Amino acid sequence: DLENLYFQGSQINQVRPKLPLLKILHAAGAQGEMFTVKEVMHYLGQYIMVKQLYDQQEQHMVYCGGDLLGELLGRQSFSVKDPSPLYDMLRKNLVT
């Protein structure tokens, strides 16, 4: 079965965050240094909620500037409805 052969070792697709991103995930309660991409997105959401980086009046807006997360994103702000900076950052900071 060639489909099985292809998918062996790549059915979970674990990643290792680079050290600055790993520090953010730990701050959100993550343990260890290997995650699924879904786990990474969970801990990033949780980080923004516990650091109170979102706008109470406009909850889709994150004000990450002068936080480590804003350094990693290269942004002062982003809307979750326009998440291009997050895609760019995870492309750069998640190692298979």
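Residue numbers run from 1 along the displayed sequence.
Asks: Tell me which stretch has the larger mean Cα B-factor in this entry, 9-17 or 68-76.
Replies: If you average the C-alpha B-factors of 9-17 and of 68-76, the larger mean comes out for 9-17.
Asks: Between 18-26 and 80-88, which has the higher average C-alpha B-factor in the PDB entry?
Replies: The stretch with the larger average C-alpha B-factor is 80-88.
Asks: Among the modelled residues of this chain, does the Cα B factor of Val62 put it in the lowest, middle or highest third?
Replies: As the PDB entry reports it, the C-alpha B-factor of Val62 lands in the lowest third of its chain.
Asks: Looking at the C-alpha B-factor of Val40, is it in the lowest, middle or highest third of its chain?
Replies: Bottom third by C-alpha B-factor.
Asks: Hey, what third does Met34 fall into on Cα B-factor, ranked over its chain?
Replies: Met34: CA B-factor falls in the middle third of its chain.
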